[PDB]
Structures are given as structure tokens and as C-alpha cells.
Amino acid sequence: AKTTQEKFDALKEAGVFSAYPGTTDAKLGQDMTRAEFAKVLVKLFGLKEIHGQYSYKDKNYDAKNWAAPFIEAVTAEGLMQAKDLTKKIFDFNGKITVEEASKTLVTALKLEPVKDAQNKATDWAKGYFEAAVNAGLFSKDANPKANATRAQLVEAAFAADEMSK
């Protein structure tokens, strides 16, 4: 029964997770940007990076943005999309929430969103969050609307990896 730090070390060695930006620390208590999480999904599921394509109009989303190839890949794969379909805003510096992470992993693992889902999640996410809890990606006491901790994202990513591996 591996600890969270053991799960992080294994995923870091595998090139799926990085230390907290600018540090060599796991910082399991810290949050993660949607940009960083897009890279985790690409590494976790071996997606192809997409260079020279930009599907969003976020300020400073362009060829100089390191995350664009990863964000484009998870967009093409149908794992993530804009928060705003009119302004085409991905919110790449926004922190990934537990219910957002749930949608990406449930979609990636082809798990069915739960019918008659009843939980704390935003309306759009209730089925995704429920499926994620039922598959053991997040604990029953996770707040779906909360920013996911790197600890929660390690636990979810390790569980997803084993469910495919």
C-alpha cells in the first residue's frame, strides 16, 4: 500500500509529475494550474503534443506559452475544453479543481458519468465527480469545487495509471 510521496516519486521518475515550479519539492499541499495538469494528462496517457495550433484566446496563450502543446493535445483528445465557449478562454493559469480533474480522468478512462448523481459538484460535473469517487480516483470527502492538491492529483493519476496499466 504505497504512500502519496511514494506514488509521487514513481510518477516523477516516469516523467508524469514534476516538482513544484522553481523547486525540487513535491509540495503535496500545493495546488496545480490547468496548464500543468494538461501536461500531466499528456504524460499519463502518452498523448501526442500538438505544436503550431492555438484553440484559445487567453492573454499570452501563443507560441511562447510552454503549455500550448499539452493544452492543444488534451483539447484534441476531448479531455479538456474552454471555460468560456464565446471568448474561447481555457484559463491556463487557473488552478485545476477536483471536479475538473474528475471529468478529464473519467473521460480518459471511458468511465460512464453516474446517472442521478447526488453530490457537492457544480451541476455540469455531478456525473463526472460521482464516477471518479466510485472508481476510487478521489475520496468521498473531497470537495469537488475545491482546487485539487498535488496530493489528490497524485492519488487520482496513480489510480488512473493502474486502471490502464
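Residues carry their position along the shown sequence, with the first being 1.
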Residue range whose averaged C-alpha B-factor is higher in the record, 96 to 104 or 114 to 122: 114 to 122
Segment of higher mean CA temperature factor, 126 to 134 or 43 to 51: 43 to 51
Third of chain Cα B-factors occupied by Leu28: middle
Third of the chain, ranked by Cα B-factor, where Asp84 sits: highest
Ranked C-alpha temperature factor of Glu72 among modelled chain residues, by third: lowest
For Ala142, the third of its chain into which the C-alpha B factor falls: middle
